[PDB]
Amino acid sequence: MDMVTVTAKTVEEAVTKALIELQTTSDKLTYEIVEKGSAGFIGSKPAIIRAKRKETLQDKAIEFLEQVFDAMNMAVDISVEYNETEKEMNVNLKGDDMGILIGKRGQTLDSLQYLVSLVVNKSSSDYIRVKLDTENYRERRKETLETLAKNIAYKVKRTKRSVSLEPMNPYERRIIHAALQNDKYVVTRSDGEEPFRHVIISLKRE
């Protein structure tokens, strides 16, 4: 936490001074009063305050996540774009460690996202949309799954033998189901208890 300490004739002035040096605005300032001054002709004594910028909402997201990734013994670069008027935060995670959890990225982006959102939203009277992603992983994940869907349809279609995908979170499972929604030769249906729950692709009947 930044906190600059400022000094001046009265608390009132100190504040104004701090606003200038903080380049913030009245509605964006926290401060604590160290000492209100005095004068006495002239036993004068400056007023002193300590002041930061009032903490931002992206501030609170980053903080939460650093706290969590750190708890997870992981190194990650967080950055956020908040669109005030549109009321959405977009938070990108790049970083060497982010790379490790490969398949596991989906659900981990998901959980973390859900949480970051509780956190941001409890500090906010308006509802905020927080999206938590890595270098377009969500999109590029979607493509590759939709591709998986199509390729392994071909396989069933061709080998006549039924194929079970690896386990996946429901969100992804849906991408598959949908990818094959109207395939003339193949059908999909998901099985298993979580988290070993998968889609099965097999040839359509009747």
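So that there is no doubt, residue numbering starts at 1 and follows the sequence shown.
Set 42-50 against 63-71 and average the Cα temperature factors; 42-50 ends up higher.
Higher average CA B factor: 94-102, of the stretches 94-102 and 113-121. Set against one another, the Cα B-factors of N83, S79, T134, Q107 in the record reach their highest point at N83. The residue among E139, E166, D27, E146 whose C-alpha atom has the highest B-factor in the PDB entry is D27.
Among the modelled residues of its chain, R161 has a C-alpha B-factor that falls in the middle third according to the deposited record. When the CA B factors of the chain's modelled residues are split into thirds, the value for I152 lands in the middle one. For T16, the recorded CA temperature factor ranks within the highest third of the chain's modelled residues.
Sorting the modelled residues of the chain by their CA temperature factor places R173 in the middle third.
When the modelled residues of the chain are ordered by C-alpha B-factor, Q23 sits in the highest third.
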